[PDB]
Amino acid sequence: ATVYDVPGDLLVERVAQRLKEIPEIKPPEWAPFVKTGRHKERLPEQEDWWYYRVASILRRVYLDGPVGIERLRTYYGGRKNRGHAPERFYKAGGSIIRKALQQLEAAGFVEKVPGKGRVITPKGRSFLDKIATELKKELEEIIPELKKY
Amino acid sequence: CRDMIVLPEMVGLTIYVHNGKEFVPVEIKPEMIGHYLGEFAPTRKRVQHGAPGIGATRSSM
Amino acid sequence: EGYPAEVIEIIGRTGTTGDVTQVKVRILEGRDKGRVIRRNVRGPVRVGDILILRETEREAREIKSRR
Amino acid sequence: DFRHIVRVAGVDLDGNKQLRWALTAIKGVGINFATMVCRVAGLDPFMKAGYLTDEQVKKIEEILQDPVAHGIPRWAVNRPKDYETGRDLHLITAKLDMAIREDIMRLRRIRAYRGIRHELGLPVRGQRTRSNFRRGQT
Amino acid sequence: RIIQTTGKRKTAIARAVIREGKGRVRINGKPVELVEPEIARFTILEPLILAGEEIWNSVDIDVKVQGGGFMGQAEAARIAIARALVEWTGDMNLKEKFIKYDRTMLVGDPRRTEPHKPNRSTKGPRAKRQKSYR
Amino acid sequence: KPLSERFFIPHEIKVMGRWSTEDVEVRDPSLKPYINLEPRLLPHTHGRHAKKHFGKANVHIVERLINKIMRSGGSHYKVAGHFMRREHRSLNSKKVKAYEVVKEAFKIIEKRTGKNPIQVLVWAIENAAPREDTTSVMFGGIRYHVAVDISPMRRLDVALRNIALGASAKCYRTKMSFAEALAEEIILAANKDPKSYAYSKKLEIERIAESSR
Amino acid sequence: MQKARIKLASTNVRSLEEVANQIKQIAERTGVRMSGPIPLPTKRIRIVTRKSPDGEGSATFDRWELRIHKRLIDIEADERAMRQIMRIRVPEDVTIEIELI
RNA sequence: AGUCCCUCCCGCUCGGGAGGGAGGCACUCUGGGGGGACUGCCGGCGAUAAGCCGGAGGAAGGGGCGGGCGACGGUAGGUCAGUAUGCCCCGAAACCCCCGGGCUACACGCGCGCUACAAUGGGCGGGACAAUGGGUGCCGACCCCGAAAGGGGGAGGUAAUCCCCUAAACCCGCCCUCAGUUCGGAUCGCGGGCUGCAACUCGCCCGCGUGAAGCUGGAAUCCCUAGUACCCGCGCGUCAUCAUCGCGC
Ligand SMILES: [Mg+2]
Ligand SMILES: [Mg+2]
Ligand SMILES: [Mg+2]
Ligand SMILES: [Mg+2]
């Protein structure tokens, strides 16, 4: 019943709530006064703009094996609107992801493989697919083909 | 050296510059530090036009 | 109003911009029902379509022998 | 309880608008400043402005007269390193005007280059002029 | 037993896999029922909806595909599922009804893109600049 | 929206998984052999037809409808007065939004009456395709206006284009959204109301056609 | 052993297969295995330039091109084969290199 | 891909999934050699000819689709300011260097384009898949210091090996609703960086402020026949640095 089997934002939204307890994780002290990057144009609007980010960083690497920073600044960018001029792609800010992976390791879900990138521990796999299974355990109420697989 | 950046040395004083044909008097006051030297020596005289002539509009070709 | 007539032969294309088409068709019903006339049509047509007309007496004007 | 007009730091605003927005009307504060003062006062950023008592917006103005003294940092304030005293200041309606004109009068006092394009009134930031900015008459 | 199948549409390769089983089918990790471009989720169900729900009660299928775009993978996958179902039971009527509904589910696609040209070079072979009198 | 539908599963070979073409009736015989009615669930064909002559005859009708709103509108011949050049915020190639909006439009039709939507399209595109118009003929070196009859296929295509244009003209900077902006067109076309638009163009074409017979 | 791997890379496609099959033959001539020639990504370099010297007239464009061919062959290390691959006397428009892993 | 071990999770496990290693090149791939459509078979004219019509069969149909190649002569069109080149000129100069200013001036006429005049939307945040090329003066995987610009160590690479590289329109939830606005973002004020023998005239980026013309556009004219036209990004040339351009994707 692994994460390959469920829609994305559902599992994301889901884990984003019960991730409120782990006293490792909290918003840093430049949290409210910062837009997330060179492709934002407004601020974070909703309140739990921290926990969603921590979570959707959790989901990524699990089904992605070994990775690092310079690339996660390369999924999390968006077309900026540079003035009178045409549009161009960009990378995003990093200090976020930095403190993020710090507090996430300190939780214990991940670990650092030297010179190769980062990985997911057992704790992370079980913690994820648990909530995965819980989620599939009610969505199947209303669409009868989640039964067969 | 038009690209001097004036300092506590020269506040008040009087040196020249070069602007394309000449030397030029620039005398120093406070508030100048932080600027360059050449910033105060213009290079292209202003223009006060005459009148349009031949061709300037597609009737005159 | 709704009168249909059936296309039985295409004859040629006239019009200063190559648009009308010479087509001898037959009326199928009505006070005539069987008289075969001469008309020019607009659009593309195939031998075997079902055209509606509205006057059943217009008798379109002749062509330069189609060529 | 509902009032429809709340007057804070000079110019008022309606009480039908989201509280992060309508403060936009104070000359010298936009959106990406606004959510900051909102979240450092500690009050919802969505609420319809028509729900404000008095002492709150009192605090609001208080922050508005020293953002740095309470957590608003020193790299988004309306003039860092004030050229007359490098302190951190964010100004508003009454007094920005004064600042723009004094900082014009500076270059108007020394006959530098940059002033010449305020005086003679054409662009200062190094565009051209042989094709556009045709602002008068034939 | 097992059989393996392919197909290509505008540079989007599709490797299909078949075998006996229960009636589930996945793609690149995805269960079919979870595909947000529904106008795609209908581009691959049709050989799974004409075959009848019963042959669709006996099969395990997973596909691996790559290249192209989210509307380009769908039709390669469709070619996959069809050229597979035609060998699993491999009778004749079930090729028949796969002809009436559509053709290129079988005969392969020859439609391939085009170079560009040296006049705008950034749009296409036949969109030039805009001419200039006066 | 609701996840009961957001994920859908068909086991019935229909169109759009909601409605089907078995009992509709076009009355007007001139248009009968020219409106496909085979099941053809997915209305998307990738232009494998507009290459040989008279190929585009056999397409299911909803597809010919869905493609023919991928338009900023008209950009070189005025409509309702103004031009509606909307460029770069259009729907030109983005068929996705087209499918989506037409889905919502059909569901809105189904509500406010409760009938087979596509049969309602049948009533609509029966009453906006005229049956005569004009040209200029060369007769002796002198050329001038005359009138002739319109072949079916052109009736069909002009009909659909006028409907699309009309509906795409009540939304221009308008609180009304695009979806119901469609429905308020097919409805009126089926009610031959003067205030409609598709009926307007048939009426004002045949009028000035008979003005110079 | 050690899997010495030789290389080839030329421009005249014809004059490379000749020596490819030459080594194929010798490595067959003596008793020792040899992996077939491994074709590799052909290599191309595209250079365009404006066909007119001045700036008048319309602008018309050239497309010069030059494709680089690569091959690959693995052979065992039998010194009786080392000695044959030393009397190769290649054509001039081919480059060979030998390096054992 | 199908077989085998090892290792890790889940409804505790009967089944599901996923990482390595050893074996196979079956399948995609890379590429040399090969076969593959000829109006060929019939249907109809046209002489019965050369032909075009037609319909089958088929991966393809009647130049199979797209490019290279441009006859004689002109065009006193162009370029001696890419190299060559007759004559006349300067010849201590009209030669060769250096430090500075200039091609970047500004009531206005016109050409080619970018951003828009909001609902076929704007903004938050989640969720999806691409292709041609390039690399040692350069490319740079990975780690910690900054809010962002960047700086700090730098593993691995001269190439199907490591690197440039987890595009965008796209989908889904929330706020905004006929407004010169949450449309549009000129224009100007501060302050922090980059490369550079040298950034004021005259290079480039980013943080905060202010918030201009603009409500689809007269008489005219332009571009397009199928993976074409429209819409959305990327890679090269340029190059110590800046792409609203050409050129391919
Ligand atoms: Mg001449
Ligand atoms: Mg110039
Ligand atoms: Mg805006
Ligand atoms: Mg400058």
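Residues numbered from 1 in each chain as written, not as in the entry; some residues may be left out. Chains lettered and ligands numbered in written order. Part of a larger assembly, values for the part shown. Heavy atoms only, no water.

As recorded in the PDB header, cryo-EM is the method behind this entry, and the stated resolution is 4.2 Å.

Chain D goes by 30S ribosomal protein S13 in the PDB entry, where it is assigned to Pyrococcus abyssi.

As recorded in the PDB entry, chain C goes by 30S ribosomal protein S28e and comes from Pyrococcus abyssi. Heading Sequence similarities of the UniProt record for chain C holds this comment: "Belongs to the eukaryotic ribosomal protein eS28 family." (UniProt positions renumbered as here; feature names shortened; annotations may be inferred.)

(A) Spotlight on the interface of chain F and chain C. Listed by partner, the interface residues are 19 residues for chain F and 21 residues for chain C. When chain F packs against chain C, close to 2200 Å² is buried across both sides, 57% of that on carbon and sulfur atoms. Together, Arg131(F), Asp149(F) and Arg213(F) form the three largest contributors to the area buried by chain F at its contact with chain C, with a combined 25%. The interface formed by chain F and chain C contains one salt bridge. At the junction of chain F and chain C, the tally comes to eight residue pairs in polar contact. (Contact = heavy atoms within 4.5 Å. Buried area = accessible area lost by both parts, 1.4 Å probe. Salt bridge = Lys/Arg side-chain N within 4 Å of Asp/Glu carboxyl O. Polar contact = N/O pair within 3.5 Å; in protein donor to acceptor, adjacent residues only side chain to side chain.)

(B) Expanded view of the packing of helix α2 (residues 31–41) of chain D against helix α3 (residues 54–64) of chain D. Residue and element names in this part refer to chain D. Where α2 meets α3, the closest approach of the two axes is 10 Å, and the angle between their N-to-C directions is 125 degrees. Our classification of the angle between α2 and α3 gives oblique. The handedness of the crossing between α2 and α3 is right-handed. Facing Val-37, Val-40 and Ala-41 of α2, the residues of α3 in contact are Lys-59, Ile-60, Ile-63 and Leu-64. Among the residues making up the contact of α2 with α3, the classes are represented as six nonpolar, no polar and one charged. (Axes fitted to C-alpha atoms, helices over the stretch in contact; angles between N-to-C directions. Helix = DSSP H or I, 4+ residues; strand = E, 2+ residues; numbered from the N terminus. Parallel < 35°, antiparallel > 145°, perpendicular 65-115°, else oblique. Left-handed = near helix turned anticlockwise from the far one by under 90°. Nonpolar A, V, L, I, M, F, W, Y, C, P; charged D, E, K, R; others polar.)

(C) Up close: the protein's contact with RNA strand H. In the vicinity of RNA strand H there are 171 residues, among which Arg38(A), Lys40(A), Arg58(B), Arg89(F) and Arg63(G) approach most closely. Counting only the atoms of RNA strand H within 4 Å of the protein, the fraction contributed by sugar and phosphate is 75%. One of the side-chain N or O atoms of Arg82(A) is found 2.6 Å from a phosphate oxygen in RNA strand H. Between RNA strand H and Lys175(F), the relevant distance is 3.4 Å, taken from a base nitrogen to a main-chain nitrogen or oxygen of the residue. Looking at the surface near RNA strand H, the element that brings in the most residues is helix α5 (residues 122–139) of chain A, giving five residues. (Near = heavy atom within 4 Å.)

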